[PDB]
Every structure is written in structure tokens, then in C-alpha cells.
Amino acid sequence: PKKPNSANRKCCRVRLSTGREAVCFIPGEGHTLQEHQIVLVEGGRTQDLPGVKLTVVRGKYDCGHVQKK
Amino acid sequence: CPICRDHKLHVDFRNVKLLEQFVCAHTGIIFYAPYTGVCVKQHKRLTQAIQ
Amino acid sequence: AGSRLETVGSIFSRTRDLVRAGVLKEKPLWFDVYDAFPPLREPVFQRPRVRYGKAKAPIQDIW
Amino acid sequence: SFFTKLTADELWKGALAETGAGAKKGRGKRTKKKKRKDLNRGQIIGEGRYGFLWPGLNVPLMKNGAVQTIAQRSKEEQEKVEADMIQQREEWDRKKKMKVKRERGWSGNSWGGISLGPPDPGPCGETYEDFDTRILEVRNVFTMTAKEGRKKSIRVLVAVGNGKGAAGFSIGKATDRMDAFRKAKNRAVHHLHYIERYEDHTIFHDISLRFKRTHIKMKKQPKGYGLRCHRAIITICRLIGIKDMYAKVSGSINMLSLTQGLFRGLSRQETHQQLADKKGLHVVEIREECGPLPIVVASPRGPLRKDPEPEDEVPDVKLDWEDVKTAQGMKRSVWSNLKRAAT
Amino acid sequence: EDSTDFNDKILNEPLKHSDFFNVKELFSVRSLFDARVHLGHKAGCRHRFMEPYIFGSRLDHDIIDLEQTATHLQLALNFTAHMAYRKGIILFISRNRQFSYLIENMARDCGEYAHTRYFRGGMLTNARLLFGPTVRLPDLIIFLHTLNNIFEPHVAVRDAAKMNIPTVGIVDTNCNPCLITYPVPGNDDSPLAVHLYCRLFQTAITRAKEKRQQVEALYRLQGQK
Amino acid sequence: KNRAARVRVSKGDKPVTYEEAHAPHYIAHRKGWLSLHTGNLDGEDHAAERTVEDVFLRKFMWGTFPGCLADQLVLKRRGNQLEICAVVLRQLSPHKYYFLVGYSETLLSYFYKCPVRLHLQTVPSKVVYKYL
RNA sequence: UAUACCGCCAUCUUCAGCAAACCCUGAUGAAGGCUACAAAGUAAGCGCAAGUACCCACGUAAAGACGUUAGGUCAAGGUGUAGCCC
RNA sequence: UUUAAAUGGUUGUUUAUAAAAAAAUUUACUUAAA
Ligand SMILES: [K+]
Ligand SMILES: [K+]
Ligand SMILES: [K+]
Ligand SMILES: [Mg+2]
Ligand SMILES: [Mg+2]
Ligand SMILES: [Mg+2]
Ligand SMILES: [Mg+2]
Ligand SMILES: [Mg+2]
Ligand SMILES: [Mg+2]
Ligand SMILES: [Mg+2]
Ligand SMILES: [Mg+2]
Ligand SMILES: [Mg+2]
Ligand SMILES: [Mg+2]
Ligand SMILES: [Mg+2]
Ligand SMILES: [Mg+2]
């Protein structure tokens, strides 16, 4: 992230159904996403990461719900 | 809400003094529910009793 | 109490209204005299402005 | 060692750490800020763990007209005394844990619209129990000093009024918030306005005024309309005693300009009597709810003019576009005329 | 039962007469003219608020209208007498150092108070801290000179209005009369003028105090029998 | 800045006694000594044992009369006698004072093997010299 | 863990300022408040000063506020928090 | 008017109320009897 924060935020690059390729933040603690997997993305910018304006939806297609604690 | 917090306040067409509190004395219009805070259920009962 | 807002109204209007409102319990010693024998002008604060343009003082030269 | 034990005052001063570098310049902020407990509170002189009963100290000196001798409470009796002592502590501790319900102002954590109570009585047996005080703004202003750097001060705006026309406001400044409240509250009662209320519920006419960059447009309203104005104006109106009014604040929403502008406009309103006297004509009120009945609200105390006021065919008056635009049904707003709680 | 009668016969009675103390006889327009009361400052020193009181400018020297002076002085002397009759504390204020000794004597002679010295900040608005919690402030303040020694309004004029104390003031052509309750337009420089003001206000106060004693005595003698 | 035994200025609301208001450089100028014995005179012995005894006695009396002492003790030694002069408050009942005087005089006489007297002087409240 | 603190201190200080409580000014903004032939300041308290010690009223000691450097010291002793307990 | 004199890592330096209460001891010998 940009100042004054510090972290390693888990992002992915997806090819959207429109054909454009964009970087999408994966929310939650722990993700099992691999290349060639299908995800549903939504809006909402990650205020830390400049230029990340998409978010992966947890619990749709391959991206599963975060595992309890 | 004001009506549901006191179980002794009965919304009845005969309890005219209670019903009067929920009507404008100067214009005669029944206050809409947000005005007094009564829930929709009690506002509907109050309106019917006033009529 | 009393009102120290000397630029709002006059000492009379302020005293009259506060006694009227019940803030001042007793009228001041001078109030009844002012009411009976008021001044020609009510002493209200005014701001002196300079004259611009064609505004001139009406004072005439004594000849 | 018995010789290394300190007193309670020394032990608490060290443990609390109220004076230190951590508190000088907003350096350390801890929610877990430790609180002092007086450990001598519930202790009785002569009461110990062994449970001895000392005649004349722990227990009465004489019983049945005879001097008591040294005795010791039985094991089970001491257990009860010790258990009761634990219960008493828990109860006392419970009292401190309880939170008293504070009436919130405009917001949960906001100071605006909280009552400060009546102004303090004057030195000469003077009282202001009729007046009520309400905070309008609390600001943390700062200046820079050579020795300490940022010096934090509190600026507080409070209004006071008895609800019967007499209302005022003042600013109070102090390092402590309590001192700022007191100074503002006590100074406001010495700077009171008198507001002319029409029928003791509204203003005599519509007032449009600009104080610096703040614009206030107030409209006279009938009974039952309520206060449909800026939350700060609502607070001031309740202190003045105005029950029905509408006001729109435009331009800068500075609280000091708004308050000073409101009192400037309300103080400079012309009553119906003042109008009749100035014009030498009857002031006749026409009410729609009373049909064509002419209600004379004021008559000229002096002589009544016999010439009718000249009726200008077209009035050369400055109209506010916002008013005209609303009358023509051209003003759509999803935020106007929204249902709100009784004010 | 007796208080209301006492107040009516004593406190309310004088307020029903136009000139109870007969102050009109103390001065005439001729006497004011002979004291040079009409001589104002040069036109370049004129205050805008004094224009209604100026008769004209004679070779760039403002002439004060003594016909208005007479009406204004009548009201000022009447108000002063009624306050002295009511046992009000009268304070004379002046910063003209040519007349400080005269004014301080005049106050002592009529049993009143004078403040001719440097006016310290808060004398009136912070009196309870300066003098004491039970100090009584003046009921009337008479300004023989309304300007301080830098030709600006004496601070007490503003502070008197803050404390709701009525003020009488001699206002020359360079003075600001807006906050003076009973302004009296006149020359405040010439000794003859200042000597007349002092004689007039000292007489009105002395006359009123004696009248209060006479009226009270008659009420008491009659009360017994 | 020096710290030793200096009650520092507050907001003018902290009541201090006469002893607590005077810093250590006044101990022979404006205030006297809280203990008078011969140990510290030139050529005199047993200054150390007198010091330990004084420290114990001040602790003993603080805990034996909890919340009663209104100022510091004045310890006096004349020959074999030890005299403790304490300014106490008027809150504890007189019966409890008499019990504690009889108890402390006896217990301390057996502990330090000398006749000990306790002279109590009661005050309605703490004597305030100034508000710092 | 002195970056939780008491205690005892260094430093500016070979300084003279800190300041409660009021009052007034700036259109009732952060803030500001003196002129002696005086124009809004009054000011408790603290420090300086004065007193006291040493051989004087000199000098030297002592004293030296509020704050500044999260300055020094958990190893004088005490102690908050966390940790160890074959 | 009048020599020269560059530099100083990142983030951290400001808001919600205050405080216990208790309880009494209960006025004047010696003695004895059945
Ligand atoms: K961060
Ligand atoms: K520790
Ligand atoms: K950071
Ligand atoms: Mg988001
Ligand atoms: Mg909340
Ligand atoms: Mg002049
Ligand atoms: Mg040193
Ligand atoms: Mg440190
Ligand atoms: Mg010396
Ligand atoms: Mg030294
Ligand atoms: Mg010194
Ligand atoms: Mg450090
Ligand atoms: Mg270190
Ligand atoms: Mg470089
Ligand atoms: Mg840098």
C-alpha cells in the first residue's frame, strides 16, 4: 500500500468478460484462487492500493467463503 | 415506541384524550408516524381509532 | 442581570425590555425619570461614515 | 523488608503515571488509563485476618455493664465476615461500573445541543434559574508557543434563554473544557437580547439577512408548523420561545456567523405596533381560515392618517429566485419536505 | 400600607411636573452666550454627528446653536436634579487637566463624586473585582469633557452604556454624542464656559438635595399629627 | 531543577502544611527538626541506631493510627525517655484513641526497652499554611 | 519496558518569566490588551527579588518557577504492564 | 558598494462528566441477708 500503511495485500489479474484485463483485490484472510479460475468481480476501490478499483466476490464460482478463524 | 412502551395506553376510539395527542390541535391533521415515532402498526391503529 | 450590548438599541430600550421580560426584578433608579423626561434623541449607537462622491456637509458659512 | 514499604499516596502516584513525558504533548493515548482506588475505604480499625475482638476498639468496651475480655471469632464466624467484606466490595465496585444515561445532543458524540444547566448565581444574591443554557459548538483551537509548541485551547459557543424572549450567546475560552463552559455560560447572561415574538410563537415578518458570508432567510409561519430550520437555529429558537418558523441557511455555515446573524435579524424586526405608529395606519390581518374578516392587529397610537397609502401598480421589489422557482413548481428536491421528528 | 403612600407623595410626585426644581431660571441664552458656549472648533475638526447642532461656520469656526443648547441643557439639568433628589450617586468625569482641580472641588462641595484622573481599564465593567462585591456603581455620570487627551471619546462613555448608566455630556463640535443620553452641545474649552457648567450642575444638585429634605420633613411632621 | 522534598506549584488549590511548604534549604532557617536526640552531636555515639528507631516509629504510628495523623511526628529523646508528639484529627472516637495510646505506649516500651509516652494533640482539620 | 512511572537529577538558568480568576478589543475568528502631560486592563499564587548561611550592607554559597531535550536512571529503593517458576 | 559557506531517510506530537457511608456510651459507696 501507499503511505502511511504497510501490508502485502493479495491481488489478482483477471480478464473480464468485456475483454479488458484489470487488477482485482481479493478480500478476506486466505484465498485459494489459481490461474484459469472463474471469479465474479464487483466495484469498490481498495483505498490503500492506488489503481485497484475492483474486488473479487467471496462465495461465487471458484472463490469460496473465508474459512472461519 | 411511545404506544408500545406503555402497556396501559390502549388505542381505542373511546380513549379520546389519548387520540387527541396524535392530532394537530391547530390544523386537525393526524401526525405522520415519524413525527411522534409510533411504529407503523400502532400508527395504523391510531388512525383507525381517530376516524 | 442587565445587557452590556451597548450597540443594540439604547440603555432605555434594553432596560425596558428586560424589566418587561422579567429578567430585571427591579427597575433602576433612573428609569422612571427617563420615562417622564426623555431626551430629544434616543441614545442609539451610530457608526460615523466618511462622505464620498457629491455628499457635502449642510453647514453654511455665516455672512 | 518492612523498611522498603512506601505509603499509598506514593504507590498510586507511581502506578498511575499521570505526570510524565507520555502526557506532555499528546504522546501516549491509552484507553486503559488506570484509576485510583482508595484501599482504606471499607477497612475498620482493629479488624484483622485472625478475627480477634479487642474490647474498646473493634467491639464495644462494655457489654452488660461489664468490661469485655479479649475474644476471637470462631472459624465459621470469621468466614462470614470475610465473605461479607468481599460482597460489599463487589457491590461498591458495581456502582462505579454502572453508566448513567446521558441525554445526547445532535449526535451521540457531539457537544452541540447539550444543556449546561442554569447560569451560576451572581455574587449579590442574583439568580438565573429561569434561563437555560445549551452548547452550540466546541472547538479545539491551537496556538504555537516558543517553549511548548502546540498549545491546545477550547473555544465554546453557548446560548442562553428563558424561553420568553430574552436570549443571548457568548464565547468562552479556557485550557480546560469545564472552565470554558462556565465562562461562556456566565458571560452570556450579561449580553441578553430581547426578541419580539408575534403572538409569542413566531416572528412578525419574514427576515432575509446576510451576516458576512452567511445568508439566513426566515419565514413567518402559522401555529403548528414547528421549527423547520438548522439544528442550531432550532436550539436557539427554543431558548427564545419561537415555536413556528422556517429558515434556510446558505453560503458559509459557520456557527459563529449563523448565531450572530440570527440574533442580528431577530433583534431588528419591526413589530406590528411599530409599523402602525410609523405609518399612522391600521394594520389589518387577513387570515384564510377566517375568510374575509378584517382583524386589526395594531392601530396608530397617535393620529390616524386620512390618505390611503399609494398603491403602486407594479412593486419594484427584489424577488428571491428560490421563492419564485418554488411557487411555480419548478423546484424538485428529494431532500425537501421530508418527514422528521417533532421539533 | 405606608410605603406606597410615602413613595407616591415623595418619589412619584416630582415626576408629574415639567420643571419641579425650577432649573429653567438658572440660565438664559444670554448667559450662555456671555460664557462663550457657542464657540466651537474649526470646521476641519467637525464630527459628522454634531452637524445638527451647529448653527454655522464663521470664517471656518463652527458656531454652536445656543437655541438648541438651551433646550438640551434644560433637559440635562432637569434629569440631574431628579437623580440628586432621588439620592442617586452622581460622578463627574473629565480628562481636561486645566479643570481637574475645579471639577474635583465642585464634586466635593455638592456632596458628589469626581473622576478627573487616568481612567483605568474596567473601573465600571469590572467594579466588583476592583472595589468589592457589594460596591454600588454611580446612578448618573456627567461628562464635562467627553474626549480623552488623544481627542478620542472617553472610554467611560462606552462603558457607562454597557452598564446601563445614563450620561450627561457637554459635546463640542469635534465630539461624538451618539451614546450620550443627555447631550448638551457647547464649548468645552473656554474657562468661562466650563465655570458656568460647574456652577449650573452644582446648583441643580444642591437645590434638589435640599428639596428632598424639605419634602421628607413636611411628610413626617404631617404623619405624626 | 531540584526536586528533593519540594511540593510543586499546582493551580492554587492544593493545601500544604507549614512543614510541607518549606524545601530542604530551610531546615535550620524557617523550620526545625522533626527529631531531637544527641546521636548527631560531635563526639556522640549511636546515631545509626537512633535513625533506624525513628524510621520505624514513623511507620508504626502511620499504620497504627490510620487516617488520623494530621502532620508529621515530633520525636523527643531525653535520657532514657522517648516522647512521641502527634497532631491527630477529631474524627476517631475518644475511646479508640485511649485504647491505641495504651496499646502503642506498652508495645513500644517492650520493643525498645525504654519508657515511651505518646502525647496527642487534636485539631478539627488539617492546618493549611498556604494553597499551592 | 526510563517510550508506563514515583523517587533523585542534567539542561537552557552566567534566564525572568509562568499564571488561576475576571474585564475589555478584534462586527463575539485563530488571537490581542501599552503610551505617566497615559489611550483597557485589574491581577491571587509561583519564580526572580527580599530575607537567611559564611567574615559586612561586599563577595561567595544557597536559591532558581512554568516548560524544553519521550534528556539520565527499572542496576539505590519502590512500582504499572508483560515474562520465568525443577 | 565588498570573499566564499553544500547536506540532514520513513511513519508517529491531542476530548466526555466528577464524587461513599457510618456508629455509639448511656451519672453518685460500703455491706449484707435468707
Ligand atoms: K498505518
Ligand atoms: K518494573
Ligand atoms: K507508518
Ligand atoms: Mg471498500
Ligand atoms: Mg454513538
Ligand atoms: Mg472643545
Ligand atoms: Mg543544580
Ligand atoms: Mg526519559
Ligand atoms: Mg547578599
Ligand atoms: Mg549554585
Ligand atoms: Mg533569591
Ligand atoms: Mg530516552
Ligand atoms: Mg539509555
Ligand atoms: Mg546529497
Ligand atoms: Mg528532514
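Just so it is clear: chains get the letters A, B, ... in the order the sequence lines come, proteins before strands, and each one is counted from 1. As a basis for the values below, the full set of heavy atoms in this structure was taken, side chains included, without hydrogen atoms, waters or symmetry mates.
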Novice: Check this one for me: any side-chain N or O of E:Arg117 less than 4.0 Å away from OP1 or OP2 of G:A36?
Specialist: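 False: E:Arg117 side-chain N/O out of range (4.0 Å or more) of G:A36 OP1/OP2.
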Novice: Just by distance, no angles: are the side chains of D:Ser115 and D:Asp132 close enough, under 3.5 Å, to form a donor-acceptor pair?
Specialist: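 Yes, because at least one side-chain N or O of D:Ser115 sits under 3.5 Å from a partner of the opposite role on D:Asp132.
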Novice: If only side-chain N and O atoms of D:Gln260 are considered, is one of them under 4.0 Å from the OP1 or OP2 phosphate oxygen of G:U28?
Specialist: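 Checking D:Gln260 against G:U28: at least one side-chain N or O falls below 4.0 Å of OP1 or OP2.
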Novice: Taking heavy atoms of chain A and a 4.0 Å limit, find me the 5'-most and 3'-most nucleotide of RNA chain H within that range.
Specialist: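 Reading along RNA chain H, I get H:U10 to H:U11.
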Novice: Have D:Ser252 and D:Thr214 got a donor and an acceptor in their side chains that come within less than 3.5 Å?
Specialist: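 Judged by distance alone, the side chains do pair up.
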Novice: Does the G:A40 base have a donor-acceptor partner in the side chain of E:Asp159 within less than 3.5 Å?
Specialist: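 Answer is yes: a donor-acceptor pair is held.
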Novice: From C-beta outward on F:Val9, which listed nucleotide comes closest to its side chain: G:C12, G:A63, G:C46?
Specialist: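 Side chain of F:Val9 sits closest to G:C46.
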Novice: From the options G:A20, G:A31, G:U25, select the nucleotide whose nearest atom is closest to the side chain of E:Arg158.
Specialist: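 Looking only at heavy atoms from C-beta outward on E:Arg158, the closest nucleotide is G:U25.
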Novice: Using atom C1' of each nucleotide, how far apart are G:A38 and G:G33 to the nearest Å?
Specialist: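 My reading of the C1' atoms in G:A38 and G:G33 gives 15 Å.
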Novice: For the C1' atoms, the ones on G:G64 and on G:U14, what distance do you get once it is rounded to whole angstrom?
Specialist: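 Result for the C1' pair: 13 Å, nearest Å.
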Novice: Answer whether the closest heavy-atom distance between the side chains of D:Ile216 and D:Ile207 falls below 4.5 Å.
Specialist: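 No, side chains not in contact.
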Novice: What nucleotide among G:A40, G:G41, G:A30 has an atom nearest to a side-chain atom of D:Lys173?
Specialist: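 Selected nucleotide: G:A30.
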Novice: Taking the P atom in each of G:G83 and G:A19, what is the distance between them to the nearest angstrom?
Specialist: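 Looking at atom P only, G:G83 and G:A19 are 43 Å apart.
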Novice: Of the nucleotides G:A65, G:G29, G:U52, which one has an atom closest to the side chain of F:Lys1?
Specialist: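 Of G:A65, G:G29, G:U52, G:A65 is nearest to the side chain of F:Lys1.
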Novice: Give a yes or no on whether the backbone of D:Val160 and the side-chain of D:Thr133 come within a donor-acceptor separation of less than 3.5 Å.
Specialist: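 Pair absent, no side-chain N/O of D:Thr133 close to backbone of D:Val160.
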Novice: Counting only side-chain nitrogens and oxygens, does F:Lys130 get under 4.0 Å of the OP1 or OP2 atom of G:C46?
Specialist: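 So the side-chain polar atoms of F:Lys130 do come within 4.0 Å of the phosphate oxygens OP1 or OP2 of G:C46, strictly under.
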Novice: Please give the distance between the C1' atoms of G:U25 and G:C34 as a whole number of Å.
Specialist: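 Pairwise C1' distance, G:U25 against G:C34, rounds to 13 Å.
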Novice: Taking only the side-chain nitrogens and oxygens of F:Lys11, find out if one of them lies under 4.0 Å from OP1 or OP2 of G:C66.
Specialist: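 The answer is no; no side-chain N or O of F:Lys11 sits under 4.0 Å from OP1 or OP2.
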Novice: Determine the interatomic distance between P on G:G67 and the same-named atom on G:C18; round to the nearest Å.
Specialist: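 Approximately 12 Å lies between the P atom of G:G67 and that of G:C18.
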Novice: Compare side-chain N and O positions of D:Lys147 against OP1 and OP2 of G:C18 and report whether any pair is under 4.0 Å apart.
Specialist: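 Checking G:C18 against D:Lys147, no side-chain N or O comes under 4.0 Å of OP1 or OP2.
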Novice: Can you list, by residue number, the residues of residues 4-26 of chain D that have a non-hydrogen atom closer than 4.0 angstrom to RNA chain H?
Specialist: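 Within this stretch, D:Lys25, D:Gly26 sit under 4.0 Å of the strand.
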Novice: According to a strict under-4.0 Å criterion, is F:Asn2 in side-chain N/O contact with OP1 or OP2 of G:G64?
Specialist: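 Checking F:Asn2 against G:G64: at least one side-chain N or O falls below 4.0 Å of OP1 or OP2.
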Novice: Any side-chain N or O of E:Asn126 below 4.0 angstrom from OP1/OP2 of G:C22?
Specialist: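 Checking E:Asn126 against G:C22: no side-chain N or O falls below 4.0 Å of OP1 or OP2.
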Novice: Would you say a side-chain N or O of D:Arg182 is under 4.0 Å from OP1 or OP2 of G:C22?
Specialist: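 Checking D:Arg182 against G:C22: at least one side-chain N or O falls below 4.0 Å of OP1 or OP2.
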Novice: Output yes when a side-chain donor or acceptor of C:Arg14 lies under 3.5 Å from a complementary backbone atom of C:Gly2, and no otherwise.
Specialist: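 Judged by distance alone, no pair lies under 3.5 Å.
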Novice: Rounded to the nearest 0.5 Å, what separation is found between the NE2 atom of E:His154 and the OG1 atom of E:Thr167?
Specialist: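 Answer for the NE2-OG1 pair, E:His154 versus E:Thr167, is 12.0 Å.
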Novice: In whole angstrom, give me the gap between the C1' atoms of G:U1 and G:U28.
Specialist: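 That atom pair is separated by 50 Å.
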Novice: Is the distance between the ring centroids of F:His95 and F:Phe99 less than 6.0 Å?
Specialist: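 That pair fails the under 6.0 Å test.
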Novice: Could you tell me if D:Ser267 and D:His193 have a donor-acceptor pair between their side chains, going purely by distance under 3.5 Å?
Specialist: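 Yes, side-chain donor-acceptor contact under 3.5 Å.
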Novice: When you get a sec, tell me which of G:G41, G:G64, G:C46 is the closest nucleotide to the side chain of F:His25?
Specialist: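 Nucleotide nearest to F:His25's side chain: G:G64.
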Novice: Between D:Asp9 and D:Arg36, does at least one N-O distance fall below 4.0 Å, as a salt bridge requires?
Specialist: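 Between D:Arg36 and D:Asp9 there is a salt bridge, with a charged N closer than 4.0 Å to a carboxylate O.
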Novice: Go through G:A39, G:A30, G:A63 for me and flag the one nearest to the D:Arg155 side chain.
Specialist: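 For the D:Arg155 side chain, the nearest candidate turns out to be G:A30.
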Novice: Is there a side-chain contact (heavy atoms from CB on, under 4.5 Å) between D:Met144 and D:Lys151? Walk through the geometry before answering.
Specialist: CA-CA 6 Å; D:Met144 204 83 169; D:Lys151 180 179 187 178; over 6 Å; no
Novice: Do the side chains of E:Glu152 and E:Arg95 get close enough for a salt bridge, i.e. N-O under 4.0 angstrom?
Specialist: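 No salt bridge links E:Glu152 with E:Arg95.
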Novice: Work out how far the P atom of G:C84 is from that of G:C9, and round it to whole angstrom.
Specialist: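 Roughly 38 Å separates the two P atoms.
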Novice: In Å and rounded to the nearest 0.5 Å, what is the CD to CG distance from D:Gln68 to D:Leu53?
Specialist: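 Going from the CD atom of D:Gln68 to the CG atom of D:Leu53 covers 8.0 Å.
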Novice: Under 3.5 Å for both pairing distances: what stems, at least three Watson-Crick or G-U pairs long, include RNA chain G?
Specialist: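 Listed by first number, the stems are G:7-9 with G:71-73, G:23-25 with G:31-33.
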Novice: Under the side-chain contact (heavy atoms from CB on, under 4.5 Å) criterion, do E:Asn96 and E:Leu144 qualify, and how do the steps go?
Specialist: CA-CA 9 Å; E:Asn96 196 330; E:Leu144 284 153; over 6 Å; no
Novice: Decide, yes or no, whether a salt bridge links D:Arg182 with D:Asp179 under the criterion of side-chain N to carboxylate O below 4.0 Å.
Specialist: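 D:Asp179 and D:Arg182: salt-bridged.
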Novice: Under 4.0 Å between a side-chain N/O of F:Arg6 and OP1 or OP2 of G:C46, yes or no?
Specialist: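 Answer no for this pair, as no side-chain N or O of F:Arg6 is under 4.0 Å from OP1 or OP2.
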Novice: Measure CG/E:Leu129 against P/G:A40 and give the value in whole Å, please.
Specialist: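 These atoms are roughly 18 Å apart.
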Novice: What's the gap between G:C23 and G:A43 when it is taken at their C1' atoms, as a whole Å value?
Specialist: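 It works out to 11 Å between them.
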Novice: Does F:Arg3 put a side-chain nitrogen or oxygen below 4.0 Å from OP1 or OP2 of G:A10?
Specialist: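 For G:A10, OP1/OP2 do not have a side-chain N/O of F:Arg3 under 4.0 Å.
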